[PDB]
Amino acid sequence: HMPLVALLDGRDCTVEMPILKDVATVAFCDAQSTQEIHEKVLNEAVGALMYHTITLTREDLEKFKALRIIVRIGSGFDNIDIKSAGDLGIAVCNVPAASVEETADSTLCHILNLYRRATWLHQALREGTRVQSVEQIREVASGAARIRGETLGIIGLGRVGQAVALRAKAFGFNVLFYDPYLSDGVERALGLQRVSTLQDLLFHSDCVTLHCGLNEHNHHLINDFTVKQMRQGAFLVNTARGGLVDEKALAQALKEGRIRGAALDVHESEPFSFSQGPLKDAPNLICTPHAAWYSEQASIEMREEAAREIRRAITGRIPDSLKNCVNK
């Protein structure tokens, strides 16, 4: 039978092929949307691999006539209506260990770039700035702050959040976290302080860093209201999902100095541009193009795991044989 497996928003299937060569016909669509996908794929695809760059609504999903499984090459699956997918008989899986430490390292890099102003100092030198005197050094590095004794607030203490917490302690951070879905006790296991409300987290944190999934109940978790609950001159870091932050409220905060700096690897509308959107003329901003996850080893790893999940689905029974189905 050699069922059709399609890589939707990509053009390279080299890593996956050795794992699927004997049990699937593999093709790619290099599509940013379903409009771009061929009827043949929509009609015949039994399995699908996708990254974060394409979104599948129920309407998009309904276009697939033979699809039995979607595997996200990555951990986040907010870009798929998994509920409707399941109702349509489509299992959806992810790769949860995808770049856990890469993302945590990127998160720390961002935090350190804010506290040490390293990225901005480099930018200034590129622009031609000459820093001769100690007085000039202090002025150009104005805003740089000592880390020990500072409080880092983590929102979402999952895989990445935990990795971040452990690293943070090594710098002298006092680590707090807010995660309403976790059971009692993790705070004791990892030597952290837990707070029961988002407001508590924001109220006691000098630097806030997001590490929660994007779900039905936390769109614009950071908004006009909750930004006001953040400490004066606080930092914000986001390597989770752009939808978590109202970039309008963040822009205004940065301009008013209510927030001293922000570091974002994800944004409401991606790909990101410094010339398009609310953050266009916002100061004290660091941004990266959703690359917190990336390393060659990580990229290969998650693709290999995703292909194995596809193989388990074809060679076995759905959803019993699946390792990481997130819509049972």
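Superpose the two forms; the largest set of C-alphas matching within 1.5 Å is the rigid core. Residue indices: 1-based, along the sequence shown.
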Fill in the blank from the handout: Comparing 91 to 99 with 185 to 193, larger root-mean-square C-alpha distance from this form in 5 other deposited structures of this protein, core superposed, belongs to 91 to 99
Completion exercise
Mean Cα B-factor check, 293 to 301 vs 40 to 48, entry values; winner is 40 to 48
Exercise for the section: Between 164 to 172 and 76 to 84, point out the one with the higher average CA B-factor as the PDB entry records it. Expected result: 76 to 84
Exercise for the section: Could you say which of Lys280, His267, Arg260, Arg68 has its CA atom at the highest B factor, as listed in the PDB entry? Expected result: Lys280
Practice task
Pick out which of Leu214, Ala249, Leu210, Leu114 has the highest C-alpha B-factor in the PDB entry.
Solution key: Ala249
Completion exercise
Quick tally, chain-level thirds of C-alpha B-factors: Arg241 sits in the lowest
Handout entry: Cα B factor band for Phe177 (lowest, middle or highest third within the chain)
Key = lowest
Exercise for the section: Using the B-factor values recorded in the entry, state whether the Cα atom of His110 falls in the lowest, middle or highest third among the modelled residues of its chain. Expected result: lowest
Exercise for the section: Give the position of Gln136 by CA B-factor within its chain, expressed as the lowest, middle or highest third. Expected result: lowest
Problem - Where the record places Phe235 (Cα B-factor, split into thirds across the chain) - result: lowest
